[PDB]
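Letter by letter, the chains look like this.
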Amino acid sequence: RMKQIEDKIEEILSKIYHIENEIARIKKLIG
Amino acid sequence: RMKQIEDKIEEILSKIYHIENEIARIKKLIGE
Amino acid sequence: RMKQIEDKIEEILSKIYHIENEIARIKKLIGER
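Residues numbered from 1 in each chain as written, not as in the entry; some residues may be left out. Chains lettered and ligands numbered in written order. Heavy atoms only, no water. Residues with missing side-chain atoms left out of burial classes, pairs and counts.

Comments concerning the interface of chain A and chain C
On the chain C side, the residues contacting the 14 residues of chain A number 14 residues. Contact between chain A and chain C buries roughly 1300 Å² in total, counting both sides, with carbon and sulfur atoms accounting for 83%. Taken as a group, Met2(A), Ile9(A) and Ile23(A) account for 35% of the area that chain A buries against chain C, more than any other trio of residues on that side. Viewed at the interface, chain C and chain A are joined by two salt bridges. Salt-bridge contacts for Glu22(C) lead to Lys27(A); the nearest nitrogen and oxygen are separated by 3.4 Å. Inspection of the region where chain A meets chain C yields one residue pair in polar contact. Looking at side-chain class alone, the side of chain A that touches chain C contains 10 nonpolar, one polar and three charged residues. (Contact = heavy atoms within 4.5 Å. Buried area = accessible area lost by both parts, 1.4 Å probe. Salt bridge = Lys/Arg side-chain N within 4 Å of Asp/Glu carboxyl O. Polar contact = N/O pair within 3.5 Å; in protein donor to acceptor, adjacent residues only side chain to side chain. Nonpolar A, V, L, I, M, F, W, Y, C, P; charged D, E, K, R; others polar.)

This is how it looks when you write it as structure tokens:
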């Protein structure tokens, strides 16, 4: 378990970093 | 202690999914 | 081992809260409601 857990955490971290990029972008497109 | 950890993870998963949906609709609305 | 995991899970929930606020303000900005 703990092993997968960490692995799933690394995955999550990457998911987030993508989303922040979408957001950063979207912000340029608006106000 | 471990089960808590796990509940935490499903939580993070559900919300991320929510967020990816919002972002979708926001694009639609501001674009094609 | 277990603590480090917990520490990182809280860091994640923090980040995630912040993005949800970002979203809220964007939604406002374009009139989503």
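Quick look at the interface of chain B and chain C
Each side of the interface is counted separately: chain B has 16 residues, and chain C has 15 residues. It is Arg1(B), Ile12(B) and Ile26(B) that lose the most area in chain B upon contact with chain C, and together they represent 33% of the buried surface on that side. Counting every contact that joins chain B to chain C gives three salt bridges. Taking the shortest distance from any N to any O, the salt bridge between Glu22(B) and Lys27(C) comes out at 3.6 Å. At the boundary of chain B with chain C, the tally comes to two residue pairs in polar contact.

Digging into the packing of helix 1 (residues 2-30) of chain B against helix 1 (residues 2-29) of chain C
The geometry of helix 1 of chain B relative to helix 1 of chain C is characterised by a closest axis approach of 10 Å and an angle of 20 degrees between their N-to-C directions. As judged from the angle between their axes, helix 1 of chain B and helix 1 of chain C are roughly parallel. When you trace helix 1 of chain B past helix 1 of chain C, the crossing you get is left-handed. Contacts between helix 1 of chain B and helix 1 of chain C involve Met2(B), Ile5(B), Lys8(B), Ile9(B), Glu11(B), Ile12(B), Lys15(B), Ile16(B), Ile19(B), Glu22(B), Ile23(B) and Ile26(B) from the first element and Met2(C), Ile5(C), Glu6(C), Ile9(C), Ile12(C), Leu13(C), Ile16(C), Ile19(C), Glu20(C), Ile23(C), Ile26(C) and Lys27(C) from the second. (Axes fitted to C-alpha atoms, helices over the stretch in contact; angles between N-to-C directions. Helix = DSSP H or I, 4+ residues; strand = E, 2+ residues; numbered from the N terminus. Parallel < 35°, antiparallel > 145°, perpendicular 65-115°, else oblique. Left-handed = near helix turned anticlockwise from the far one by under 90°.)

Overview of helix 1 of chain C
When the terminal C-alpha atoms of helix 1 of chain C are compared, their 41 Å separation across 28 residues agrees well with the 40 Å that a helix rising 1.5 Å per residue should span. Looking at the buried side of helix 1 of chain C, the elements it contacts are helix 1 (2-29) of chain A together with helix 1 of chain B. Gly31(C) lies just past helix 1 of chain C and shows a positive phi near 70 degrees. (Expected span 1.5 Å × (residues − 1).)

What about a nonpolar patch on the surface?
Together, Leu29(A), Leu29(B) and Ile30(B) line one region of the surface with nonpolar side chains, adding up to about 280 Å² of accessible area. Along the chain, the position of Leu29(A) falls in helix 1. The class for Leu29(A) is exposed, based on a relative accessible area of 65%. (Patch = residues over 30% accessible without salt bridge, like charges linked within 9 Å, V, L, I, M, F, W, Y side chains within 5 Å. Areas by Shrake-Rupley, 256 points an atom, 1.4 Å probe, with all protein chains shown as cover. Buried < 20%, exposed > 50% of the residue type's maximum accessible area, 1.4 Å probe, protein only.)

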